Amino acid sequence: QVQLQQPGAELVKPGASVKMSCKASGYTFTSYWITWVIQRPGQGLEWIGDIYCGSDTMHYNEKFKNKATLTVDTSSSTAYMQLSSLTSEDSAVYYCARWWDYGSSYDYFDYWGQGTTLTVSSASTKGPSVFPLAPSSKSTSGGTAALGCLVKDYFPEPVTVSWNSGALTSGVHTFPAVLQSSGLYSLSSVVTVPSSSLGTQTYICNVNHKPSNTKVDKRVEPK
Amino acid sequence: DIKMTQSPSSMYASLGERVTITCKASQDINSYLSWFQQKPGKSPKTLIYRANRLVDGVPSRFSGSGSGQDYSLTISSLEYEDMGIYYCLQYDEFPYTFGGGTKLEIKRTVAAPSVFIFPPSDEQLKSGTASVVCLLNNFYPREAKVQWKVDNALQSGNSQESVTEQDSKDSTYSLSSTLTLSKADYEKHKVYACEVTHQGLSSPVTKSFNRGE
């Protein structure tokens with residue numbers, strides 16, 4: 001079972017350094033290559049550098065030299081890419097991907113990581129307040145009822161909002177967060193559920209904001 | 001150093017349509033080109049390597065072609081799961097360079113929005129603010145106009161909207177508008193509405209509610 005684990009997000013103060021981990025598990029670690037890719041949101045992709053976990057033989061990008069330093073830990077079977085002299089420009093998403101038969105003519109990316117949403121800012125982090133979007137008479141449409149949770153007044157993104165600890169997936173809607181005039185983010189996560197089951201079922205939204213290390217689970221009910 | 005230019009950058013398409021996109025290289029990369037496909041906010045997936053060979057798990061409808069400078073990626077019967085942005089990556093020369101991206105958006109029949117509206121939570125009023133949410137679920141196309149009205153008076157200056165990506169199952173967009181007022185000003189008015197004017201509706205759809213209820 002091949003698996004590559006990247007952290008959800010990393011908050012960085014500007015000018016300081018940070019490390020992004022890409023923990024490989026379930027396969028022979030020291031027999032493959034790993035490649036890092038940066039994606040600034042809405043734009044294209046950019047190659048950072050190819051790294052071999054087991055000879056430290058690298059292949060750097062010319063524009064990323066003097067900026068990125070790649071590392072491998074054969075103990076934890078984990079790859080590491082360290083960034084130095086971090087500015088407001090380097091705030092983007094960084095991927096890690098595995099090569100298959102790198103060097104040969106049949107090489108390609110066979111497994112991808114989730115990606116680290118790196119945001120560089122000097123402001124301090126603030127935890128979110130979660131408010132229930134209760135179902136009402138104005139919240140139903142033909143046997144279907146909509147309920148949700150409003151995640152408001154937090155910084156920075158991203159926040160992960162699951163329902164019933166992941167037990168309910170069909171018909172969930174997590175909207176993109178908007179930037180408040182105060183400098184904070186806020187979004188809503190709504191789900192369309194049957195109306196007849198509103199008296200017997202329980203709908204608990206599991207909001208998780210790891211950058212502030214606060215996890216709120218708010219139960220939403222009618223009225 | 002090598003520049004990859006794709007076309008079209010953005011494009012619509014129907015279901016089952018045979019769509020092809022191109023990835024032209026600034027040099028001769030000798031068929032060393034791979035096709036990637038990514039969904040909004042998620043990890044990319046490898047579709048084709050060396051421009052003509054399928055990865056395990058890739059549907060049989062994805063096809064690759066091309067040689068020298070020009071290459072193509074074709075889908076036999078476009079389905080609601082093939083949306084997203086497609087990137088091509090040449091890996092013949094250092095450094096590797098991607099393309100500008102190809103956003104594939106699905107065209108379907110006109111759909112009317114399911115308009116909902118939620119009153120502000122009781123816990124929020126204990127803090128001093130009031131957030132009224134007007135909800136638009138499962139509509140297409142994306143272009144929709146929402147207008148907030150309090151006590152039949154049009155309001156502008158305190159509303160924030162947000163529309164999600166195109167749905168992977170129903171190929172629809174969903175919008176959420178947030179109206180935030182102070183606790184005192186929310187308790188100053190009685191009827192709070194949001195006017196939803198959209199193409200899929202011949203007449204504006206209004207969902208209102210009173211404070212007391």
# chains A, B, ... in the order shown; residues from 1 in each chain; ligands from 1
>>> interface_residues(of="chain A", to="chain B", cutoff="9 Å", atoms="only C-alpha atoms", output="ChimeraX atom specification")
/A:41,43-49,59-62,95,105-115,129-136,138-141,146-147,150,173-180,187-188,190,192
>>> select_by_dssp(residues="segment 52-201 of chain A", states="helix (DSSP H, G or I)", output="ChimeraX atom specification")
/A:137-139,164-166,196-198
>>> write_last_selection(atoms="N, CA and C atoms", output="mmCIF file, in the first residue's frame")
data_model
loop_
_atom_site.group_PDB
_atom_site.id
_atom_site.type_symbol
_atom_site.label_atom_id
_atom_site.label_comp_id
_atom_site.auth_asym_id
_atom_site.auth_seq_id
_atom_site.Cartn_x
_atom_site.Cartn_y
_atom_site.Cartn_z
ATOM 1 N N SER A 137 -37.857 26.486 8.440
ATOM 2 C CA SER A 137 -38.923 26.376 7.451
ATOM 3 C C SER A 137 -38.493 26.944 6.107
ATOM 4 N N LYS A 138 -37.623 27.951 6.118
ATOM 5 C CA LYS A 138 -37.081 28.545 4.905
ATOM 6 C C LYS A 138 -35.832 27.825 4.410
ATOM 7 N N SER A 139 -35.544 26.634 4.941
ATOM 8 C CA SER A 139 -34.342 25.886 4.592
ATOM 9 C C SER A 139 -34.662 24.511 4.016
ATOM 10 N N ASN A 164 -20.139 14.500 10.831
ATOM 11 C CA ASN A 164 -20.321 13.247 11.568
ATOM 12 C C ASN A 164 -19.025 12.439 11.610
ATOM 13 N N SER A 165 -17.902 13.149 11.739
ATOM 14 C CA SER A 165 -16.568 12.547 11.700
ATOM 15 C C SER A 165 -16.366 11.742 10.418
ATOM 16 N N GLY A 166 -16.921 12.247 9.316
ATOM 17 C CA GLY A 166 -16.778 11.618 8.020
ATOM 18 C C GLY A 166 -17.832 10.589 7.673
ATOM 19 N N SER A 196 -37.617 14.182 6.576
ATOM 20 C CA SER A 196 -38.302 13.263 7.480
ATOM 21 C C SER A 196 -37.359 12.682 8.527
ATOM 22 N N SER A 197 -36.068 12.590 8.216
ATOM 23 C CA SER A 197 -35.083 12.041 9.135
ATOM 24 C C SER A 197 -34.462 13.097 10.042
ATOM 25 N N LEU A 198 -35.023 14.308 10.078
ATOM 26 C CA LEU A 198 -34.459 15.363 10.914
ATOM 27 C C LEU A 198 -34.755 15.159 12.393
#
>>> residues_around(residues="segment 9-18 of chain B", least_positions_apart="3", cutoff="7 Å", atoms="only C-alpha atoms", output="ChimeraX atom specification")
/B:6,74-79,101-108
>>> closest_residue(among="B:4, B:58, B:201, B:193", to="residue 153 of chain B", atoms="only C-alpha atoms")
B:193
>>> atom_distance(atom1="atom CA of residue 211 of chain A", atom2="atom CA of residue 168 of chain A")
24.8 Å
>>> decode(residues="segment 179-196 of chain A", atoms="N, CA and C atoms", output="PDB file, in the first residue's frame")
ATOM      1  N   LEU A 179     -12.255  36.550   2.295  1.00  0.00           N
ATOM      2  CA  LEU A 179     -11.408  37.370   3.150  1.00  0.00           C
ATOM      3  C   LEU A 179     -12.234  38.517   3.721  1.00  0.00           C
ATOM      4  N   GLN A 180     -12.345  38.563   5.046  1.00  0.00           N
ATOM      5  CA  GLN A 180     -13.071  39.635   5.705  1.00  0.00           C
ATOM      6  C   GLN A 180     -12.315  40.955   5.567  1.00  0.00           C
ATOM      7  N   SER A 181     -13.022  42.051   5.853  1.00  0.00           N
ATOM      8  CA  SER A 181     -12.379  43.357   5.880  1.00  0.00           C
ATOM      9  C   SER A 181     -11.432  43.499   7.063  1.00  0.00           C
ATOM     10  N   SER A 182     -11.608  42.685   8.104  1.00  0.00           N
ATOM     11  CA  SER A 182     -10.723  42.698   9.260  1.00  0.00           C
ATOM     12  C   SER A 182      -9.444  41.903   9.037  1.00  0.00           C
ATOM     13  N   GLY A 183      -9.332  41.185   7.924  1.00  0.00           N
ATOM     14  CA  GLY A 183      -8.169  40.372   7.648  1.00  0.00           C
ATOM     15  C   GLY A 183      -8.318  38.899   7.959  1.00  0.00           C
ATOM     16  N   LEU A 184      -9.515  38.445   8.312  1.00  0.00           N
ATOM     17  CA  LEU A 184      -9.769  37.056   8.655  1.00  0.00           C
ATOM     18  C   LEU A 184     -10.527  36.363   7.529  1.00  0.00           C
ATOM     19  N   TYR A 185     -10.641  35.044   7.654  1.00  0.00           N
ATOM     20  CA  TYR A 185     -11.364  34.215   6.704  1.00  0.00           C
ATOM     21  C   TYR A 185     -12.652  33.696   7.331  1.00  0.00           C
ATOM     22  N   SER A 186     -13.573  33.273   6.468  1.00  0.00           N
ATOM     23  CA  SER A 186     -14.841  32.714   6.914  1.00  0.00           C
ATOM     24  C   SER A 186     -15.475  31.947   5.764  1.00  0.00           C
ATOM     25  N   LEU A 187     -16.008  30.765   6.071  1.00  0.00           N
ATOM     26  CA  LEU A 187     -16.693  29.941   5.085  1.00  0.00           C
ATOM     27  C   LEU A 187     -17.880  29.256   5.749  1.00  0.00           C
ATOM     28  N   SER A 188     -18.659  28.548   4.936  1.00  0.00           N
ATOM     29  CA  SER A 188     -19.776  27.750   5.413  1.00  0.00           C
ATOM     30  C   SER A 188     -19.732  26.382   4.749  1.00  0.00           C
ATOM     31  N   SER A 189     -20.143  25.363   5.499  1.00  0.00           N
ATOM     32  CA  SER A 189     -20.198  23.987   5.014  1.00  0.00           C
ATOM     33  C   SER A 189     -21.627  23.489   5.176  1.00  0.00           C
ATOM     34  N   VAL A 190     -22.335  23.336   4.059  1.00  0.00           N
ATOM     35  CA  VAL A 190     -23.752  22.996   4.069  1.00  0.00           C
ATOM     36  C   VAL A 190     -23.943  21.611   3.462  1.00  0.00           C
ATOM     37  N   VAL A 191     -24.995  20.927   3.907  1.00  0.00           N
ATOM     38  CA  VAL A 191     -25.357  19.609   3.396  1.00  0.00           C
ATOM     39  C   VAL A 191     -26.868  19.551   3.218  1.00  0.00           C
ATOM     40  N   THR A 192     -27.308  18.889   2.150  1.00  0.00           N
ATOM     41  CA  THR A 192     -28.725  18.675   1.880  1.00  0.00           C
ATOM     42  C   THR A 192     -29.112  17.288   2.377  1.00  0.00           C
ATOM     43  N   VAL A 193     -30.014  17.239   3.349  1.00  0.00           N
ATOM     44  CA  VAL A 193     -30.391  15.992   4.003  1.00  0.00           C
ATOM     45  C   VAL A 193     -31.892  15.816   3.853  1.00  0.00           C
ATOM     46  N   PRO A 194     -32.400  14.592   4.011  1.00  0.00           N
ATOM     47  CA  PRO A 194     -33.853  14.394   3.999  1.00  0.00           C
ATOM     48  C   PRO A 194     -34.511  15.084   5.185  1.00  0.00           C
ATOM     49  N   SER A 195     -35.748  15.534   4.971  1.00  0.00           N
ATOM     50  CA  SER A 195     -36.459  16.264   6.015  1.00  0.00           C
ATOM     51  C   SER A 195     -37.094  15.323   7.032  1.00  0.00           C
ATOM     52  N   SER A 196     -37.617  14.182   6.576  1.00  0.00           N
ATOM     53  CA  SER A 196     -38.302  13.263   7.480  1.00  0.00           C
ATOM     54  C   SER A 196     -37.359  12.682   8.527  1.00  0.00           C
TER      55      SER A 196
END
